[PDB]
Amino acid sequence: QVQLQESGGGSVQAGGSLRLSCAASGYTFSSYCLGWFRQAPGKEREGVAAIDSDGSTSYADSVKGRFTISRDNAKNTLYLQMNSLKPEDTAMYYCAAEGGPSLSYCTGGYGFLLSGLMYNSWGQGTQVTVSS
């Protein structure tokens, strides 16, 4: 179990930018695999971006070139930078994490990391609303 405290959502006009952040508990953070998911109303949750313990990143095709996932291991913090936002980016966004106090290496393939199957800990969700 990893505590995830998430922040930064909001409203912005189309083509604008917004940055999510997520604070995580634990002493092995640099070994964590981390991801961002989103879920709009009446449609199911979708993996958006992932970063494994080596720092390799993965993106859903619909956000490639606009969103950047990054991590600051010295601060236990995970970011999602969102540029060129579109109305169909409107959703509740969640950080997810795979941690553990002895975790020392963590990765998986593209599809696995962008699914919920990788992660045992979820943040509480923040709203992003893109007005036309």
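Numbering starts at 1 and follows the sequence shown.
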Should the higher mean CA B-factor in the entry be assigned to 81-89 or to 47-55?
-> 81-89
107-115 versus 9-17 - which carries the larger mean C-alpha B factor in the record = 9-17
Per the entry, which of 63, 74, 34, 69 tops the list for Cα B factor?
-> 74
Could you look up the Cα B-factor of residue 40 in the entry and say which third of the chain it sits in: lowest, middle or highest?
-> highest
